[PDB]
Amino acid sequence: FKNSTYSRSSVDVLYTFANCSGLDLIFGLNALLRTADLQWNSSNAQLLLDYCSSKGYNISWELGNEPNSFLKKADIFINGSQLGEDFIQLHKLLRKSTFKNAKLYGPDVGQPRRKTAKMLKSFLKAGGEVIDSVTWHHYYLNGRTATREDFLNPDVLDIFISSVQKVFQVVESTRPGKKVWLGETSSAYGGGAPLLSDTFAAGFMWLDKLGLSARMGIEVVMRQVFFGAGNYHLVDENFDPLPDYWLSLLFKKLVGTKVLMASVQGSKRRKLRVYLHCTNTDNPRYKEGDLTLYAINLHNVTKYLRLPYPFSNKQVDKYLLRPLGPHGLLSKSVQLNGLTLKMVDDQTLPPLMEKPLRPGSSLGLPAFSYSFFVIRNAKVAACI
């Protein structure tokens, strides 16, 4: 990595893009601009805030990316203590900026190594008080060595649970109650795994990450990347949406903010993975009290899920995602309820059509698939 610059231009295209797309821009400032004492030099940041203010830009902030490897990356070491002080300086600047009441997230540390723990604890002791959320990074796999088996391995999915627990251990010890965000996550680091990070197979990891994040008290999950060079992109180099895009759209439509719990009876519960929220109520098909179950089947056979009492006679809308052949799980195309998902045109997304199941049927989930099930007229008071 060498120093590159960027213009008032770059800022503007980025802003209008987020602005125009109904998205909330968080901007990461360069934390390697150091003074002789290796305090953060804030002069450059001042120019950018000044410009952004001048334009009336609603923007949130971060400072640094994965500070843990600054030594490997820039042959500079910065401890969490200093980095916490640096976050206080920037916070003061935002208070004196025109966006006094903008949000400030950090420190975008990599996943729980022993050293990463220490950096985050000491950063939170130091700067904990000025950040609106704690951002940390997760990847399951090295993009260079990831295999198809890895993407299908419940033993790989399950490691993420411990990751979250270690993070919540550091936070509860220093800033209990502080919201925790994943600031950058995907299947695999080094840009992703060719023919895996961009396929239907990517969706096991992605949906389970969402399931576990929501269950374990992660408030926001930031997917590396919406689009870009990396194989983990939701949209490819031709502006076509890959299966993870379709998966993200469907989740967005069906799954409410109120997080519940499902689990499977039996000592084995690793290959059949189940999550439960209140239904996204915005959806005019669905009313207050409805439940959205989503389930991942990593068995090589279909499994039939029975809803517990008193939900065993409800009308269930199925939303089952399976790959468009011939490349099965290595396919970049996906069918909902056996209809292929494609843009209608550059301007237009398709309807996402349910398949009502007969009331009282078990929920069929084929080998190597994932589905949502909306339980209609569940009348759950927690979701009302």
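The first residue of the sequence shown is number 1, and the count goes up from there. Heads up, when I say rigid core I mean the largest set of C-alphas that superpose within 1.5 Å between the two forms.
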| item | value |
| --- | --- |
| Between stretches 293-301 and 112-120, more displaced by Cα RMS in 6 other deposited structures of this protein (rigid core superposition) | 112-120 |
| Between the two ranges 295-303 and 118-126, the one averaging a larger CA B factor in the entry | 118-126 |
| Mean C-alpha temperature factor, higher of 369-377 and 16-24 | 16-24 |
| Largest Cα B-factor, entry values, listed residues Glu62, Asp37, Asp345, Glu66 | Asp37 |
| Residue with highest C-alpha B-factor in the PDB entry, from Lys209, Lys92, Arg215, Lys258 | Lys92 |
| Cα B factor band for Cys52 (lowest, middle or highest third within the chain) | highest |
| Third assignment of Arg175 from its chain's C-alpha B-factors | middle |
| Chain-relative CA temperature factor third for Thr185 | lowest |
| Chain-relative CA temperature factor third for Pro154 | middle |
| Third of chain Cα B-factors occupied by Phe99 | highest |
